[PDB]
$ cat entry37.cif   # mmCIF, C-alpha atoms and all ligand atoms
data_my_file
#
loop_
_atom_site.label_atom_id
_atom_site.label_comp_id
_atom_site.auth_asym_id
_atom_site.auth_seq_id
_atom_site.Cartn_x
_atom_site.Cartn_y
_atom_site.Cartn_z
CA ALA A 14 0.00 0.00 0.00
CA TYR A 15 3.22 2.07 -0.22
CA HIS A 16 3.32 2.10 3.61
CA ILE A 17 1.92 5.63 3.76
CA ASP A 18 -0.30 6.46 6.72
CA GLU A 19 -3.34 8.71 6.53
CA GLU A 20 -2.42 10.27 9.89
CA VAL A 21 1.42 10.24 10.04
CA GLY A 22 2.32 9.84 6.36
CA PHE A 23 5.86 8.59 5.72
CA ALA A 24 6.26 8.16 9.48
CA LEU A 25 5.94 4.69 10.94
CA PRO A 26 2.52 4.70 12.67
CA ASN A 27 2.70 3.75 16.38
CA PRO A 28 6.22 2.22 16.41
CA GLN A 29 7.23 -0.68 18.61
CA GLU A 30 9.21 0.24 21.72
CA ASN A 31 10.25 -3.21 22.96
CA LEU A 32 12.01 -6.14 21.38
CA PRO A 33 11.69 -9.74 22.56
CA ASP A 34 13.78 -10.54 25.64
CA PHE A 35 16.09 -12.44 23.26
CA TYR A 36 17.41 -9.02 22.17
CA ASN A 37 17.84 -7.49 25.64
CA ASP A 38 21.61 -7.14 25.15
CA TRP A 39 21.05 -4.99 22.06
CA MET A 40 18.25 -3.09 23.83
CA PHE A 41 20.35 -2.22 26.89
CA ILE A 42 23.21 -0.67 24.89
CA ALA A 43 20.89 1.40 22.69
CA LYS A 44 18.96 2.64 25.74
CA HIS A 45 22.17 3.77 27.47
CA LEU A 46 24.32 5.43 24.81
CA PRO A 47 24.78 8.69 26.84
CA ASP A 48 26.29 6.86 29.85
CA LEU A 49 28.20 4.16 27.96
CA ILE A 50 29.83 6.69 25.62
CA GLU A 51 30.55 9.26 28.33
CA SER A 52 32.07 6.59 30.59
CA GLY A 53 34.03 5.13 27.66
CA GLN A 54 32.53 1.65 28.05
CA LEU A 55 30.49 1.54 24.82
CA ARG A 56 32.99 -0.06 22.48
CA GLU A 57 33.75 -2.79 25.01
CA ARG A 58 30.05 -3.61 25.39
CA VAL A 59 29.64 -3.89 21.65
CA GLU A 60 32.83 -5.91 21.33
CA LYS A 61 31.58 -8.42 23.93
CA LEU A 62 28.12 -8.95 22.44
CA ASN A 63 27.21 -12.46 21.38
CA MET A 64 25.85 -13.23 17.91
CA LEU A 65 22.07 -12.80 18.16
CA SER A 66 19.98 -14.26 15.33
CA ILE A 67 17.38 -12.00 13.72
CA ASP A 68 14.97 -14.91 13.25
CA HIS A 69 13.04 -13.87 16.32
CA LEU A 70 11.99 -10.56 14.71
CA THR A 71 8.56 -11.62 13.46
CA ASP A 72 7.05 -8.46 11.93
CA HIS A 73 7.77 -5.17 10.20
CA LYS A 74 7.50 -2.98 13.31
CA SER A 75 9.91 -5.28 15.18
CA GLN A 76 12.37 -5.19 12.31
CA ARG A 77 12.20 -1.39 12.08
CA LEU A 78 12.89 -1.13 15.81
CA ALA A 79 15.82 -3.59 15.59
CA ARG A 80 17.19 -1.60 12.65
CA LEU A 81 16.97 1.64 14.63
CA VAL A 82 18.60 -0.11 17.61
CA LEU A 83 21.52 -1.52 15.62
CA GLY A 84 21.92 1.71 13.66
CA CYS A 85 22.25 3.77 16.84
CA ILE A 86 24.72 1.26 18.32
CA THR A 87 26.72 1.32 15.07
CA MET A 88 26.95 5.13 14.95
CA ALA A 89 28.04 5.17 18.59
CA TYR A 90 30.62 2.45 17.98
CA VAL A 91 32.16 4.11 14.91
CA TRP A 92 32.22 7.65 16.28
CA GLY A 93 32.74 6.99 20.01
CA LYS A 94 32.88 10.22 22.00
CA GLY A 95 32.73 12.30 18.82
CA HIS A 96 36.20 13.85 18.69
CA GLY A 97 38.25 11.96 16.10
CA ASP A 98 38.79 8.63 17.92
CA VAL A 99 37.27 6.40 15.27
CA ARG A 100 36.72 2.68 14.72
CA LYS A 101 36.88 1.41 11.14
CA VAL A 102 35.76 -2.20 11.70
CA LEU A 103 32.20 -2.88 12.89
CA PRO A 104 32.49 -6.10 14.96
CA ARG A 105 31.17 -9.30 13.39
CA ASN A 106 28.43 -9.78 15.96
CA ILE A 107 26.78 -6.46 15.20
CA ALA A 108 27.65 -6.23 11.53
CA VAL A 109 26.25 -9.57 10.32
CA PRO A 110 22.77 -9.29 11.91
CA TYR A 111 22.64 -5.56 11.06
CA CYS A 112 23.47 -6.26 7.40
CA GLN A 113 21.07 -9.22 7.21
CA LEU A 114 18.22 -7.18 8.66
CA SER A 115 19.07 -4.28 6.33
CA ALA A 116 18.88 -6.55 3.25
CA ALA A 117 15.49 -7.88 4.39
CA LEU A 118 14.29 -4.27 4.72
CA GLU A 119 16.13 -3.13 1.57
CA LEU A 120 17.92 -0.26 3.34
CA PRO A 121 21.64 0.48 3.65
CA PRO A 122 23.37 -0.75 6.81
CA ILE A 123 23.66 2.75 8.32
CA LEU A 124 21.39 5.04 10.35
CA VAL A 125 18.88 6.84 8.09
CA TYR A 126 15.97 9.25 8.46
CA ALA A 127 13.50 6.35 8.48
CA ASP A 128 15.17 4.93 11.63
CA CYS A 129 16.09 7.90 13.81
CA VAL A 130 13.01 10.01 12.95
CA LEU A 131 10.24 7.98 11.28
CA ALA A 132 10.51 5.01 13.69
CA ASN A 133 12.06 6.70 16.75
CA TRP A 134 9.09 8.03 18.70
CA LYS A 135 6.15 7.41 21.03
CA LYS A 136 3.16 9.12 22.52
CA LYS A 137 3.57 9.96 26.21
CA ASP A 138 -0.19 9.41 26.60
CA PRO A 139 -1.98 7.45 23.83
CA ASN A 140 -5.13 9.55 24.32
CA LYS A 141 -3.61 13.00 23.85
CA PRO A 142 -2.77 14.19 20.31
CA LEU A 143 0.40 14.09 18.19
CA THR A 144 1.96 17.23 19.66
CA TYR A 145 5.47 17.80 20.96
CA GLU A 146 4.35 17.95 24.62
CA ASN A 147 2.74 14.48 24.28
CA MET A 148 5.67 12.84 22.49
CA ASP A 149 9.14 11.43 23.06
CA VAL A 150 11.95 9.74 21.12
CA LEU A 151 13.10 6.22 21.94
CA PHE A 152 16.88 6.70 21.65
CA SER A 153 19.42 9.53 22.00
CA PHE A 154 23.22 9.59 21.74
CA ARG A 155 24.59 11.98 24.36
CA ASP A 156 23.06 14.14 27.05
CA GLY A 157 22.60 17.58 25.56
CA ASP A 158 22.61 16.42 21.93
CA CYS A 159 19.09 17.82 21.27
CA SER A 160 18.03 14.58 19.57
CA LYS A 161 14.53 14.83 21.05
CA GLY A 162 14.04 18.28 19.51
CA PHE A 163 15.64 17.49 16.15
CA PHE A 164 13.90 14.14 15.59
CA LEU A 165 10.49 15.13 16.97
CA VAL A 166 10.22 18.44 15.10
CA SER A 167 11.21 16.59 11.91
CA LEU A 168 8.57 14.01 12.69
CA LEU A 169 5.94 16.72 13.28
CA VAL A 170 6.72 18.35 9.93
CA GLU A 171 6.38 14.87 8.46
CA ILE A 172 3.00 14.45 10.19
CA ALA A 173 1.80 17.86 8.98
CA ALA A 174 2.75 16.84 5.44
CA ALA A 175 0.56 13.74 5.79
CA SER A 176 -2.50 16.00 5.43
CA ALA A 177 -1.29 17.08 1.96
CA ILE A 178 -0.05 13.58 1.00
CA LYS A 179 -3.43 11.92 1.53
CA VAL A 180 -4.97 14.34 -1.02
CA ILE A 181 -2.67 13.12 -3.83
CA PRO A 182 -5.03 10.31 -4.98
CA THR A 183 -7.86 12.87 -5.25
CA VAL A 184 -5.66 14.82 -7.68
CA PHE A 185 -5.03 11.96 -10.09
CA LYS A 186 -8.62 10.74 -9.91
CA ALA A 187 -9.87 14.25 -10.73
CA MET A 188 -7.54 14.59 -13.71
CA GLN A 189 -8.71 11.18 -14.82
CA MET A 190 -12.43 11.76 -14.06
CA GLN A 191 -12.20 15.18 -15.81
CA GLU A 192 -13.27 16.97 -12.60
CA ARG A 193 -11.95 20.54 -12.74
CA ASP A 194 -13.40 21.85 -9.47
CA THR A 195 -12.39 18.68 -7.58
CA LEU A 196 -8.86 19.10 -8.91
CA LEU A 197 -8.78 22.82 -8.00
CA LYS A 198 -10.07 22.10 -4.47
CA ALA A 199 -7.44 19.39 -4.04
CA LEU A 200 -4.52 21.58 -5.10
CA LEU A 201 -5.59 24.40 -2.79
CA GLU A 202 -5.96 21.86 0.02
CA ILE A 203 -2.44 20.54 -0.62
CA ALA A 204 -0.99 24.07 -0.59
CA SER A 205 -2.86 24.93 2.61
CA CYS A 206 -1.44 21.86 4.38
CA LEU A 207 2.08 22.56 3.10
CA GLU A 208 1.74 26.07 4.55
CA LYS A 209 0.71 24.53 7.87
CA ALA A 210 3.80 22.30 7.64
CA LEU A 211 5.95 25.43 7.28
CA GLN A 212 4.46 26.79 10.50
CA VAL A 213 5.39 23.54 12.31
CA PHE A 214 8.98 23.85 11.08
CA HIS A 215 9.39 26.95 13.31
CA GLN A 216 9.38 24.82 16.49
CA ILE A 217 12.92 23.79 15.48
CA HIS A 218 14.29 26.92 17.25
CA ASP A 219 12.48 26.17 20.50
CA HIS A 220 14.10 22.74 20.82
CA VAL A 221 17.46 22.64 18.99
CA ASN A 222 20.53 24.62 19.97
CA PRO A 223 23.04 25.26 17.15
CA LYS A 224 26.07 24.33 19.27
CA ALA A 225 24.53 20.99 20.24
CA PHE A 226 23.43 20.14 16.71
CA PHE A 227 26.59 21.14 14.87
CA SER A 228 29.03 19.80 17.45
CA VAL A 229 27.28 16.74 18.88
CA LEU A 230 24.27 15.34 17.05
CA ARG A 231 25.75 16.00 13.58
CA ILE A 232 28.72 13.79 14.51
CA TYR A 233 26.54 10.73 15.25
CA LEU A 234 24.54 11.29 12.05
CA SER A 235 27.74 11.42 10.00
CA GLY A 236 28.39 8.62 7.53
CA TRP A 237 31.42 7.16 5.76
CA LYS A 238 30.82 8.23 2.14
CA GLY A 239 33.55 10.64 1.12
CA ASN A 240 34.60 11.01 4.78
CA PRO A 241 38.35 11.56 5.30
CA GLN A 242 38.09 9.93 8.71
CA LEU A 243 36.95 6.71 7.02
CA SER A 244 38.40 7.13 3.55
CA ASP A 245 37.55 3.65 2.25
CA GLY A 246 34.25 3.28 4.11
CA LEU A 247 33.38 0.89 6.92
CA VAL A 248 34.28 -2.77 7.22
CA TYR A 249 31.17 -4.81 8.11
CA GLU A 250 33.12 -7.68 9.63
CA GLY A 251 31.98 -11.12 8.53
CA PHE A 252 29.58 -9.90 5.86
CA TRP A 253 31.55 -8.14 3.16
CA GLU A 254 35.32 -8.48 2.96
CA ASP A 255 36.20 -4.99 1.75
CA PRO A 256 34.82 -1.79 3.28
CA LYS A 257 31.76 -0.07 1.86
CA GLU A 258 30.77 3.59 1.80
CA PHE A 259 27.30 4.87 2.76
CA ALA A 260 26.27 8.43 3.40
CA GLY A 261 25.08 9.58 6.75
CA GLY A 262 22.45 11.99 5.51
CA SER A 263 19.46 11.83 7.82
CA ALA A 264 17.90 15.26 7.31
CA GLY A 265 18.11 15.12 3.50
CA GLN A 266 16.48 11.68 3.33
CA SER A 267 12.90 12.84 3.89
CA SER A 268 10.64 11.93 0.98
CA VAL A 269 8.36 14.95 1.55
CA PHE A 270 9.97 17.52 -0.74
CA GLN A 271 10.55 14.97 -3.52
CA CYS A 272 6.98 13.76 -3.05
CA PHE A 273 5.66 17.19 -4.05
CA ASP A 274 8.48 17.90 -6.51
CA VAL A 275 7.39 14.85 -8.48
CA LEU A 276 3.66 15.47 -8.01
CA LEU A 277 4.01 18.94 -9.54
CA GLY A 278 6.29 17.82 -12.39
CA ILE A 279 9.24 19.82 -11.02
CA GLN A 280 12.31 18.45 -12.83
CA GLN A 281 14.99 17.52 -10.33
CA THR A 282 15.03 13.70 -10.68
CA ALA A 283 16.77 14.20 -14.02
CA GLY A 284 18.39 17.60 -14.50
CA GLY A 285 21.31 19.27 -12.70
CA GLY A 286 24.74 17.68 -12.88
CA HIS A 287 25.38 17.37 -9.15
CA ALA A 288 21.98 18.41 -7.73
CA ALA A 289 19.94 15.71 -9.45
CA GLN A 290 22.58 13.07 -8.70
CA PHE A 291 22.41 13.95 -5.00
CA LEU A 292 18.61 13.86 -4.95
CA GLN A 293 18.50 10.52 -6.72
CA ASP A 294 21.14 8.98 -4.45
CA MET A 295 19.24 9.95 -1.30
CA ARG A 296 16.41 7.74 -2.58
CA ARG A 297 18.59 4.70 -1.87
CA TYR A 298 18.20 5.63 1.81
CA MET A 299 14.37 5.78 1.87
CA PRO A 300 12.20 2.73 2.72
CA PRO A 301 11.54 0.69 -0.46
CA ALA A 302 7.79 1.24 -0.34
CA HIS A 303 8.50 4.98 -0.39
CA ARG A 304 10.96 4.60 -3.24
CA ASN A 305 8.14 2.76 -5.02
CA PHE A 306 5.66 5.55 -4.24
CA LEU A 307 7.89 8.28 -5.67
CA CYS A 308 8.32 6.20 -8.87
CA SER A 309 4.63 5.49 -9.38
CA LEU A 310 3.98 9.25 -9.07
CA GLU A 311 6.51 9.88 -11.86
CA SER A 312 4.73 7.34 -14.08
CA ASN A 313 1.35 9.00 -13.68
CA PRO A 314 0.12 11.67 -16.11
CA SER A 315 1.73 15.05 -15.47
CA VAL A 316 -0.30 17.37 -13.27
CA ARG A 317 1.74 20.31 -14.56
CA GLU A 318 0.95 19.47 -18.19
CA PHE A 319 -2.73 18.93 -17.41
CA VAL A 320 -3.00 22.34 -15.74
CA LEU A 321 -0.99 23.89 -18.59
CA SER A 322 -3.23 22.34 -21.26
CA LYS A 323 -6.42 23.89 -19.92
CA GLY A 324 -6.28 27.68 -20.36
CA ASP A 325 -7.65 27.86 -16.81
CA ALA A 326 -6.26 30.62 -14.61
CA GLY A 327 -7.99 29.20 -11.52
CA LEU A 328 -6.15 25.91 -12.03
CA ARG A 329 -2.89 27.74 -12.68
CA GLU A 330 -3.31 29.67 -9.44
CA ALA A 331 -3.97 26.57 -7.33
CA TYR A 332 -0.96 24.86 -8.91
CA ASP A 333 1.15 27.95 -8.19
CA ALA A 334 0.03 27.95 -4.56
CA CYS A 335 1.53 24.47 -4.21
CA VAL A 336 4.78 25.52 -5.89
CA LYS A 337 4.92 28.60 -3.66
CA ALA A 338 4.47 26.53 -0.49
CA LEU A 339 7.29 24.22 -1.60
CA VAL A 340 9.52 27.25 -2.28
CA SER A 341 8.66 28.74 1.09
CA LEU A 342 9.64 25.46 2.75
CA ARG A 343 13.03 25.19 1.03
CA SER A 344 13.72 28.89 1.65
CA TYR A 345 13.06 28.42 5.36
CA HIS A 346 15.16 25.24 5.34
CA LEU A 347 17.94 27.34 3.82
CA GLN A 348 17.71 29.69 6.82
CA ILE A 349 17.89 26.79 9.25
CA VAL A 350 20.94 25.24 7.61
CA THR A 351 22.54 28.67 7.86
CA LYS A 352 21.69 28.82 11.57
CA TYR A 353 22.62 25.20 12.45
CA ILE A 354 25.52 24.35 10.10
CA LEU A 355 27.00 27.40 8.43
CA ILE A 356 27.45 29.82 11.32
CA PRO A 357 28.79 27.21 13.83
CA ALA A 358 31.13 25.88 11.12
CA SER A 359 32.56 29.40 10.67
CA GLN A 360 32.89 29.80 14.48
CA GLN A 361 35.77 27.27 14.50
CA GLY A 381 29.26 24.80 3.09
CA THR A 382 29.47 27.09 0.08
CA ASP A 383 29.04 23.82 -1.83
CA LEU A 384 26.21 22.85 0.56
CA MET A 385 24.55 26.24 0.07
CA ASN A 386 24.81 26.01 -3.71
CA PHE A 387 23.09 22.62 -3.70
CA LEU A 388 20.15 23.86 -1.62
CA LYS A 389 19.93 27.24 -3.40
CA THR A 390 19.81 25.34 -6.69
CA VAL A 391 16.96 23.04 -5.71
CA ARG A 392 14.96 26.05 -4.48
CA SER A 393 15.42 28.13 -7.63
CA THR A 394 14.62 25.11 -9.78
CA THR A 395 11.45 24.83 -7.69
CA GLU A 396 10.89 28.59 -8.08
CA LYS A 397 11.39 28.44 -11.87
CA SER A 398 8.37 26.12 -11.93
CA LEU A 399 5.70 28.74 -11.16
CA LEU A 400 3.28 29.11 -14.07
CA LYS A 401 2.11 32.74 -13.79
CA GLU A 402 0.72 33.28 -17.35
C1 LIG A 501 12.99 19.46 10.31
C2 LIG A 501 12.56 18.96 9.14
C3 LIG A 501 13.49 18.86 7.91
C4 LIG A 501 13.10 18.38 6.73
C5 LIG A 501 11.69 17.85 6.40
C6 LIG A 501 14.24 18.45 5.83
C7 LIG A 501 14.27 18.05 4.51
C8 LIG A 501 15.35 18.09 3.65
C9 LIG A 501 15.36 17.70 2.25
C10 LIG A 501 14.16 17.17 1.45
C11 LIG A 501 16.60 17.88 1.77
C12 LIG A 501 17.04 17.60 0.32
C13 LIG A 501 17.22 18.96 -0.36
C14 LIG A 501 15.89 19.43 -0.91
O1 LIG A 501 15.04 18.58 -1.29
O2 LIG A 501 15.66 20.67 -1.00
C15 LIG A 501 17.42 18.40 2.86
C16 LIG A 501 18.76 18.71 2.83
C17 LIG A 501 19.55 19.02 3.93
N1 LIG A 501 19.14 19.36 5.21
FE1 LIG A 501 17.33 19.20 5.87
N2 LIG A 501 15.31 18.98 6.54
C18 LIG A 501 14.89 19.24 7.82
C19 LIG A 501 15.65 19.78 8.82
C20 LIG A 501 17.00 20.01 8.80
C21 LIG A 501 17.76 20.59 9.87
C22 LIG A 501 17.22 21.07 11.25
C23 LIG A 501 19.03 20.67 9.48
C24 LIG A 501 20.14 21.25 10.39
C25 LIG A 501 21.31 21.66 9.90
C26 LIG A 501 19.14 20.13 8.13
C27 LIG A 501 20.26 19.99 7.33
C28 LIG A 501 20.25 19.61 6.00
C29 LIG A 501 21.41 19.41 5.15
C30 LIG A 501 22.88 19.58 5.61
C31 LIG A 501 20.99 19.06 3.91
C32 LIG A 501 21.83 18.74 2.65
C33 LIG A 501 21.97 17.24 2.52
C34 LIG A 501 23.06 16.87 3.49
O3 LIG A 501 24.23 17.28 3.23
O4 LIG A 501 22.73 16.19 4.50
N3 LIG A 501 17.87 19.74 7.77
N4 LIG A 501 16.63 18.50 3.99
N1 LIG A 502 17.09 10.14 26.20
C1 LIG A 502 17.42 8.75 25.90
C2 LIG A 502 18.74 8.34 25.86
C3 LIG A 502 19.03 7.02 25.56
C4 LIG A 502 18.02 6.11 25.30
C5 LIG A 502 16.71 6.51 25.35
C6 LIG A 502 16.41 7.83 25.64
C7 LIG A 502 14.96 8.28 25.68
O1 LIG A 502 14.67 9.26 25.06
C8 LIG A 502 13.93 7.47 26.48
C9 LIG A 502 12.52 8.03 26.30
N2 LIG A 502 12.13 8.78 27.49
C10 LIG A 502 11.51 6.91 26.02
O2 LIG A 502 10.28 7.12 26.17
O3 LIG A 502 11.87 5.76 25.65
#
$ encode --input "entry37.cif" --output "structure tokens"
Amino acid sequence: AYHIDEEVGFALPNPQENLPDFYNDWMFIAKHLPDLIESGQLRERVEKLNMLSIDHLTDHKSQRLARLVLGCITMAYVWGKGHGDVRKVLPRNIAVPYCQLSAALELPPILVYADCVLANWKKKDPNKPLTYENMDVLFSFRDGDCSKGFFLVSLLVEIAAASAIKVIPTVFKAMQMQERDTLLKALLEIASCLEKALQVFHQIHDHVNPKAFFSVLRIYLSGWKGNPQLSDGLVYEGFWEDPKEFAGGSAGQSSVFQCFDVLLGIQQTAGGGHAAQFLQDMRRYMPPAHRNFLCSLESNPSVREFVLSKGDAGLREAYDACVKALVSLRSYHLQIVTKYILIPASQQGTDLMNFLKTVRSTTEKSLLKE
């Protein structure tokens, strides 16, 4: 069904918090990364784990939790305290089950958005709503890392986007039914929800401190693709013989922007030399069912062409409201990357800026006007 929820969208609805007692040894380490890292006992605990079979993970929610658990342990093992003391070999007894589970779930054996954000959360009270005050994350890395604020605000933007995502079938049906008003309603509804998502994005400032993000959390989200600290990638002991590179790119692995890029025929899949290659690569790091969803949307008739073919200024204005909301979102995201990467980096990206500025202006160049 593309694993897309009416309420939470690309987020994993109501994730599992507990594994079977079989996996308690995994569970304990993941639940205690702040103390084990700080006290310098983490790597020993990982290095003294026994081989635990994944055959006792009986369903998707259990596999997603195990993947989040092993991904957090792996990031902590590789990066340690976060200050250059690195491990380049992931011990056999983590690496083999982590890589087996990853293959089953068709995701790379590294921490991704779909683990640390889409699966990493709970309601404090199951009867209060999906708001920040009623929610928590399941795992953090270090005390003060602001992982609660970063993951939960990302999740809440994701949940806000769900309201626009569930309208997408109405769009294609209305094109196909030849239902002009239904299509116009739907596009205005999508834009309205995307605007609401932009409002939710503002909570980022209330809960994430630029020093903590840039200097702590960013470290544990860092990968080994093009990383000088791990120039040949990571050795997954006992599974592949030579090291492999995978990006640690959690923020950029949301499907939300690409979801509406593709819906509105904005051309970034194919296009820019280095911008389109980056956007296509980050798809490798999305759950397969979401990869599938983005592809099926590309195969559908073009909404942008349909609107263009109609000589209908009302349609063109609803379409442009969607494109505007997507520009607003990337423009605000530009501001945040300035606040949370660029300024702290200088207090010690021009390629990073150019990538984001490019995707925004390509989105901006898509407005119809006429
Ligand atoms: C909170 C919700 C967020 C969402 C939904 C989101 C979404 C995205 C998306 C879709 C991209 C791909 C570029 C594009 O499509 O325009 C991207 C890139 C990026 N975002 Fe975010 N983002 C969020 C928050 C953040 C935050 C708080 C930071 C803090 C610095 C950040 C840092 C980055 C970086 C560095 C990139 C470039 C890819 C990379 O090098 O990792 N993002 N983001
Ligand atoms: N801060 C942590 C550090 C390490 C492991 C878990 C956490 C949590 O966030 C626990 C959360 N209160 C929960 O409801 O599971």
$ residues_near_ligand --input "entry37.cif" --ligand "ligand LIG 502 (chain A)" --cutoff "10 Å" --atoms "all atoms listed in the file" --output "ChimeraX atom specification"
/A:30-31,40-49,82,85,133-137,148-161
$ residues_around --input "entry37.cif" --residues "residue 285 (chain A)" --least-positions-apart "6" --cutoff "10 Å" --atoms "all atoms listed in the file" --output "number ranges by chain"
A: 291-292, 387, 390-391, 394
$ residues_near_ligand --input "entry37.cif" --ligand "ligand LIG 501 (chain A)" --cutoff "7 Å" --atoms "only C-alpha atoms and all ligand atoms" --output "list in words"
residues 163, 166, 167, 170, 171, 214, 217, 262, 263, 264, 265, 266, 267, 268, 269, 270, 271, 292, 343, 346, 349, 350, 353, 354, 384, 388, 391 and 392 of chain A
$ closest_residue --input "entry37.cif" --among "A:50, A:206, A:70, A:187" --to "residue 35 (chain A)" --atoms "only C-alpha atoms"
A:70
$ closest_residue --input "entry37.cif" --among "A:64, A:32, A:107, A:91" --to "residue 250 (chain A)" --atoms "only C-alpha atoms"
A:107
$ atom_distance --input "entry37.cif" --atom1 "CA of residue 256 (chain A)" --atom2 "CA of residue 102 (chain A)"
8.5 Å
$ build_atoms --input "entry37.cif" --residues "region 128-144 of chain A" --atoms "N, CA, C and O atoms" --output "PDB file, in the coordinates of the input"
ATOM      1  N   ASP A 128      14.925   5.519  10.311  1.00  0.00           N
ATOM      2  CA  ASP A 128      15.170   4.930  11.630  1.00  0.00           C
ATOM      3  C   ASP A 128      15.032   6.006  12.702  1.00  0.00           C
ATOM      4  O   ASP A 128      14.124   5.952  13.536  1.00  0.00           O
ATOM      5  N   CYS A 129      15.936   6.990  12.688  1.00  0.00           N
ATOM      6  CA  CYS A 129      16.090   7.900  13.810  1.00  0.00           C
ATOM      7  C   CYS A 129      14.999   8.956  13.892  1.00  0.00           C
ATOM      8  O   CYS A 129      14.928   9.642  14.908  1.00  0.00           O
ATOM      9  N   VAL A 130      14.140   9.084  12.885  1.00  0.00           N
ATOM     10  CA  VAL A 130      13.010  10.010  12.950  1.00  0.00           C
ATOM     11  C   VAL A 130      11.693   9.265  12.744  1.00  0.00           C
ATOM     12  O   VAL A 130      10.792   9.352  13.591  1.00  0.00           O
ATOM     13  N   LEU A 131      11.551   8.531  11.621  1.00  0.00           N
ATOM     14  CA  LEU A 131      10.240   7.980  11.280  1.00  0.00           C
ATOM     15  C   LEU A 131       9.828   6.824  12.182  1.00  0.00           C
ATOM     16  O   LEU A 131       8.625   6.563  12.323  1.00  0.00           O
ATOM     17  N   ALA A 132      10.786   6.139  12.812  1.00  0.00           N
ATOM     18  CA  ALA A 132      10.510   5.010  13.690  1.00  0.00           C
ATOM     19  C   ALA A 132      10.838   5.295  15.157  1.00  0.00           C
ATOM     20  O   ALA A 132      10.548   4.461  16.026  1.00  0.00           O
ATOM     21  N   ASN A 133      11.412   6.454  15.456  1.00  0.00           N
ATOM     22  CA  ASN A 133      12.060   6.700  16.750  1.00  0.00           C
ATOM     23  C   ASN A 133      11.196   7.570  17.664  1.00  0.00           C
ATOM     24  O   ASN A 133      11.611   8.633  18.093  1.00  0.00           O
ATOM     25  N   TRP A 134       9.985   7.123  17.996  1.00  0.00           N
ATOM     26  CA  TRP A 134       9.090   8.030  18.700  1.00  0.00           C
ATOM     27  C   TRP A 134       7.947   7.276  19.373  1.00  0.00           C
ATOM     28  O   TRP A 134       7.609   6.146  19.003  1.00  0.00           O
ATOM     29  N   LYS A 135       7.325   7.949  20.343  1.00  0.00           N
ATOM     30  CA  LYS A 135       6.150   7.410  21.030  1.00  0.00           C
ATOM     31  C   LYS A 135       5.299   8.562  21.521  1.00  0.00           C
ATOM     32  O   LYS A 135       5.766   9.697  21.683  1.00  0.00           O
ATOM     33  N   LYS A 136       4.032   8.246  21.760  1.00  0.00           N
ATOM     34  CA  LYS A 136       3.160   9.120  22.520  1.00  0.00           C
ATOM     35  C   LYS A 136       3.386   8.907  24.012  1.00  0.00           C
ATOM     36  O   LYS A 136       3.422   7.770  24.489  1.00  0.00           O
ATOM     37  N   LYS A 137       3.544  10.013  24.745  1.00  0.00           N
ATOM     38  CA  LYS A 137       3.570   9.960  26.210  1.00  0.00           C
ATOM     39  C   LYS A 137       2.257   9.390  26.747  1.00  0.00           C
ATOM     40  O   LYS A 137       2.255   8.451  27.546  1.00  0.00           O
ATOM     41  N   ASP A 138       1.132   9.930  26.291  1.00  0.00           N
ATOM     42  CA  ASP A 138      -0.190   9.410  26.600  1.00  0.00           C
ATOM     43  C   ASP A 138      -0.882   9.053  25.283  1.00  0.00           C
ATOM     44  O   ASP A 138      -1.009   9.920  24.398  1.00  0.00           O
ATOM     45  N   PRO A 139      -1.361   7.820  25.111  1.00  0.00           N
ATOM     46  CA  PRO A 139      -1.980   7.450  23.830  1.00  0.00           C
ATOM     47  C   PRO A 139      -3.308   8.133  23.571  1.00  0.00           C
ATOM     48  O   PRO A 139      -3.849   7.988  22.470  1.00  0.00           O
ATOM     49  N   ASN A 140      -3.847   8.890  24.523  1.00  0.00           N
ATOM     50  CA  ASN A 140      -5.130   9.550  24.320  1.00  0.00           C
ATOM     51  C   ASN A 140      -5.022  11.040  24.064  1.00  0.00           C
ATOM     52  O   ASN A 140      -6.021  11.660  23.692  1.00  0.00           O
ATOM     53  N   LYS A 141      -3.856  11.626  24.253  1.00  0.00           N
ATOM     54  CA  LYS A 141      -3.610  13.000  23.850  1.00  0.00           C
ATOM     55  C   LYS A 141      -3.103  13.006  22.411  1.00  0.00           C
ATOM     56  O   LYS A 141      -2.746  11.967  21.860  1.00  0.00           O
ATOM     57  N   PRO A 142      -3.084  14.156  21.749  1.00  0.00           N
ATOM     58  CA  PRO A 142      -2.770  14.190  20.310  1.00  0.00           C
ATOM     59  C   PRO A 142      -1.277  14.071  20.001  1.00  0.00           C
ATOM     60  O   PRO A 142      -0.419  13.977  20.879  1.00  0.00           O
ATOM     61  N   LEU A 143      -0.978  14.088  18.697  1.00  0.00           N
ATOM     62  CA  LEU A 143       0.400  14.090  18.190  1.00  0.00           C
ATOM     63  C   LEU A 143       0.939  15.513  18.243  1.00  0.00           C
ATOM     64  O   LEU A 143       1.046  16.212  17.228  1.00  0.00           O
ATOM     65  N   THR A 144       1.288  15.951  19.454  1.00  0.00           N
ATOM     66  CA  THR A 144       1.960  17.230  19.660  1.00  0.00           C
ATOM     67  C   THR A 144       3.260  16.968  20.397  1.00  0.00           C
ATOM     68  O   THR A 144       3.425  15.936  21.044  1.00  0.00           O
TER      69      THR A 144
END
